[PDB]
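In order of appearance the chains are A, B, C, D, E, F, G, H, I and J, and numbering begins at 1 in each one.
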């Protein structure tokens, strides 16, 4: 471990392969699936919703400490997918960078600027031989000022992009197809319709009827811009309202 | 099962599965490529005899001296890598002068040896104090001096570690010369007989013959300073056979 | 043996904004005297600034930065003690390089209204009331005379208005910080 | 980078922190003013790094 | 009156032709109040940021920032040629701000530069 | 994952950092520690193995006091565990110095876990081969129990077991209705569980190391007093047969 | 055989969860010569066996003086022992300077533990190949501590480290029930008999190969060597 | 400035004396079994200086395997004092003790480290007034004796007591249990005797 | 900076401990607004501390010194800072900070009881330290100093009640001299029992 | 720990005792009586001072002479090199002890003795580094090397003058006068003149403080001697 670079086309981060591919970055992308959890983020007319699986495979484990939805700033929340410690460390970095932005520029960081900053750091990790990517994906949500709801997805390669709906985790492709089909039809989902869309995507690509304790939901709204994590009663209300229909 | 290659010696900082660091023992083997230096500590003084091994008749012998002076009461005998030896010699010299400046007295033989050892044991660990050495010094020294505790002889090897001695041989024939010093030495022998034994053993272990040009003798006595024997003094001592 | 001490407040004042802050039951009423002199550090934690404007605003910006960051880390509304601690750190480290005296007043769930006072030289002492800046002459005696130790929001507003008004008689913009939020009020 | 037209508070922060960095040795006293999505904002920055948000 | 003459041991050696004109007599009171504030500004800003990270988040945060800074500053250009500090600026946050260090007295055109080997082996701590 | 497992900065072709996995197996190398959170406190207990009869009782402790209110039970390399105890003590003291009150246990767990993670990131340092549990009690917070593992993942637990026999001990903890027990009955059950999962033949001659923090100590971490530990050991022995 | 990739560096975890350079450093400790430490209710003595190539050399300096109340006996690499002794001496000086009181032995040993733990995690370093037997005396009585290349330290009633020290430890385990009420003379004799147990049946303890260091309630740390050990060796019954 | 300090050091043939009048400045602290120092200056500098000297004595003993002689302590103290030459210690030092011959030795220092060996030396405010009288009193002649006063130890003790009595026509004259440190071949001997007031 | 005197802090040894007084007052200059503040710290069971001077530095040293006490509490190895250890640490700290400018303007009276031997020490911001059977720092230092020294010369051995009454008389004389309301004074005592501090006792003429 | 060590700052945050913009910072500044003694490289207003000195070169050497006696007026740098005192006593003694340290290191390295030009130049450099900081030196370096007798006046103000007659002090004006000399004076005649010149200082004084005989000197080829 001490020092040096491992020889091989897929064994160091700063080695290209004959086809110009950085394979350690792609292996980090596979590290996102380490955990077996899928996240869905859906942008609506006036709200953004992040929904993630909450697997607690231990009777002895205090379930209120298991969470993947984090609060970056007062008005930005994220769902982290991937390796758990890497997720928590990237949340810590995003928190610091957002505080610095507010310090320097006098106003609170936007969502796109936060994912851009995190992706700049991630690019620096991919280019240098001492560091490694983080095996995690960040999906950020917020209400901007004059654009509206925002869902952004940073990734281990340093790439980021805004979306109308996005997924990360094991069922990222299945969820992306589901949300593409939903968004082609109509997109101005009010607030309930976005929550139903996110929950239905998660519960369809996993073919699982959810319980309020197998799912986490964090939301922002234009009228309530602050990141909020729904209680189990609220998620259960949404699930029963989806089941009755 | 199978025999496989295991290598624990190609880098410093690596213990073998035996508790043993091989790059330091390879530096001791580096000593065994030097010329033989014999140091005998008696109660009348300490003698230092070294084999010079002049390579060409065109070379100034005064420039290949294996016995140097650290201070008026200490002299060193060298064997091994010369470039490293002179670094340790200069450390000893500057340390003695620092001690004189600060405390207005002569540094004892053991204290000089300890300062040189503090310098010599600081290898490996290169990215901690740049300008450090990064490998063991490939030189063994023989500090022979006279101080408050009478004549004293010390030995330092590619470890930065010193032990006091009474008769040492270092160099390429240190095993045979040490086996000879084993019997020829007795704890109360005169300095003339110490020089005698040193030169007899040097004659035994040299591939050439004793002339006053291919060896080098120095002595440090309680009253007299460090003294390097001259061409005529050496001639007389060897014609004593 | 005489333990001579720097005064820290007779260095360079020559002036004063005559800041003040009084603790009532479940809140504080800062009060001060077209510009504004009540810097909101957090949603229910304000401060009043004495000294040089530049240095005090630098310290207030740094505390706002650090308090927001710490509040996000620990996932709780910040304590007023925490804001006062951050202010004390910078107002005591940079004691010789800044002209900055601070009164921190606010509200937090587990302690209520709090008037931690950080004078020049850097010093937290929680107080039932705190006054500052050219006002240790007229205001201090009258407030020591009358404080009632337990006022309500309205009586505290009237009391602070009276004190700052007699500082005038030597606008009055006030802010009451309860659990329900800040109710800023401008007088003249 | 942001793709948004700036904010007056951003300019005020940059000015006040730069003027605070140079400890009043840059003699720029300014009357900053602009208009963002937030509304009209008028500031007055002083050479030592102290601002003041004002109506006039 | 600075005291500190290591003078216990003022045995240090200097290169006379390379020391230029040094005046320790006046190297105790900066020439301007802003001289050191500007010389050590990125240093002091890093120390301020590491201090707030330490106090709010923990030992890990300054350690990781310092470790990233150390890593990027090490795949660089040999000191006698100007570097861009592209990755270091992205890490520190200077990729989108221009200060006065960036426009005044440009490092890329130094007006004076030493010998290659002397400048490399000074960075290596060899003098 | 051979070929991709010599550095903590290398990903396996399936997104696995294997040095961190080997560090967690390193935790599995050592004897077991369990921690049970009850209705009014937390109780730690370590199957401490007697290396020799020559060691003064209390040496090689694995139940540290990290702060006045926090106690730490470790497994894995003991040198790593002591270094992490030092780090946790530094974090708690720094928080108290800055902010003037006792550090919340969740925040302490985050700080130390993020340190451990920071070691799982570089080629210059190796992951910690040690796992540990933190446990506190405050009147305004209740009992709290956290476990950090070498990857930097800290969760909150109702009962945890780290070490060689974590799986058997976890099976034995699940039978306890710890959410409605006091610290005394939990101490007896902790001793029982330590005695059950001890492997009497492979390992030999262990000694219990019990500790609590609760309201019976007024939110102060302590060693279980000698008499209560004797009662717990007697209960544990009599239950084994 | 499957071990070669994972034992060349102290920064590599073997897929069995083992650092192997640490264990090799522990072997480096076993390559010294036996030294014994034991304590009574009032004294803490350190007994060491010296090698001098059996003739023509002053023996190794195996017991070192750290402070007036702390002394150490070394087994393993000498350079590491000197580095650690310099560290211990500097820390004792710092304690006397700042706090005016003798540094507690347990605190010193904890500092050694941290100092020697750092090389076992970092790149470009190797563990310390020396093991120490630290004998101290402070407010809490006599102390015997054993420090290891792994950066572990142990509070001992008695301990032997070095080459063929298992025999000394067997003796000390057999006889430790009477160490506490022993006076200085027979405590040093107990240590001497253990050190003798680390020898062939023919060889015997002499003044030339035995070094002793006592600290105690009244004593400061003193080292007895080459002729000062005679009072202690005269009364030692044959094997 | 900063009165109350009067150090009288006298080196005999086989003894040294360092006598001080306590007033708050207590001193004449012992360095080795052959050396006594006497600091007459600002108290804080004296404390720090004696702590530094103790630390350096311990470091010397560890490096050199012997306790450091009187002349070596003097030379080291001279370099320690000159270390702060542009910000000096405000101390006036006198080192008294035995040399390696066994004879007496007394060294006196500036605040910046200038030292010379003396046969006797009075140091402080009262030193100027006491010096001529004890000088022409101790010598009894003009013969040099550049390193040893001819008197015996009891006679030198009597001279020290008599000269401090004669100080009663001088400055503060503490009368505060006159501190007296005696260095002989049998070790240091602090013998604080009270000047009767 | 203009200099003002520190608030008075007294202390006398006796047979079985040390008693310390320190009247509550923020300052005599412009910080007299800040009242009802205690200048006495309890370091540990055998040590206490009365400080006169800048309250910012007293607060800083309370932080540092209490954290050192907690640090030893955690190890539980049987060693605690003695009163002399704390006194020497404070002397080193104040000399170090005096030299490396970064001032620490606080004058302290360290009292303690360890091993059946009472300790009373003095440290000021310059690094001056010593030990006396009675001390007085602050406003009426040179007015209370002769009083205490003469009383101790008359009777070198005191008891709790005698020592406390003597300290009462000193503080009263410092009250009759100057009209500052010494309603605000604390008395502290370290004994074999420990450091026991009673709060703001009030003089009623 | 290993990470902070790989970083090699050391900076007061990656350590222990940090609780703000600094705090105790591993000992609130408190440290040790040094980490390194000497034998290695590593407010008192009452410093001491000097009075009257000569020195001339020769045909047979260089001759120092000082105003009698006690106090010291000529520093004995080493057997082959001399130096006088003026200004601060500590300054002259310390800086020429450092010069003798340099001279001995040179002799050990190069196996020949340092020249007077080199020695005076080393001293001039050492005291020129701290020019304007209050050093007060008035030394006068004299010796004998492969170039013959050498005589230099080295000053704390950067001066380093070579010359065959120098004089420092109060009676300097009367002592430089009375210096009616010749480069080929006999040795006895040279001792005569230096005696007479320090005398023509003190023909207005007599034996006493900085008074006595002439503390004469003589730098021969094989090292100096003390004539009387």
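Note that a residue touches a chain if its C-beta (ideal position, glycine included) is under 8 Å from a C-beta of that chain, and two chains touch if they have at least 3 such contacts.
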Under the touch definition above, the chains in contact with both chain C and chain F are A, E, I, J
Centre-most chain, if every chain is reduced to its averaged C-alpha atoms:
E
So how far apart, in whole Å, are chain C and chain J when each is placed at the average of its C-alpha atoms?
63
So, what's the distance in Å between the C-alpha centres of chain H and chain B?
45
Nearest whole angstrom, what separates the Cα centre of chain D from the Cα centre of chain H?
68
Just curious, how far off is chain I from chain D if you go by their C-alpha centres, in Å?
50
Using the touch rule from the top of the page, what residues of chain J touch 2 or more other chains?
1-3, 6, 18-23, 30-33, 37-41, 43, 94, 98, 101, 133
Junction residues of chain G, two or more chains touched
9, 11-12, 93, 97-98, 110, 114, 117, 121-124
Among the residues of chain D, pick out those that touch two or more other chains and give their numbers.
1
Can you list the chain I residues touching chain H in their complex?
91, 95, 98, 126-130, 132
Residue ranges of chain D touching chain C (in the complex, touch as defined)
16, 20, 24, 46, 48-56
Using the touch rule from the top, collect the residues of chain B that touch chain G in their complex.
1-2, 4-6, 8, 12-21, 117-118, 121, 124-127, 155, 159-161, 163-168, 178, 181-182, 185
Residue ranges of chain F in contact with chain A within the complex:
3-4, 6-17, 19, 106, 110, 113-114, 116-118, 120-124, 126, 145-146, 151-153, 155-160, 170, 173-174
Counting only contacts in the complex, chain E reaches chain B at residues 8-9, 11, 124-127
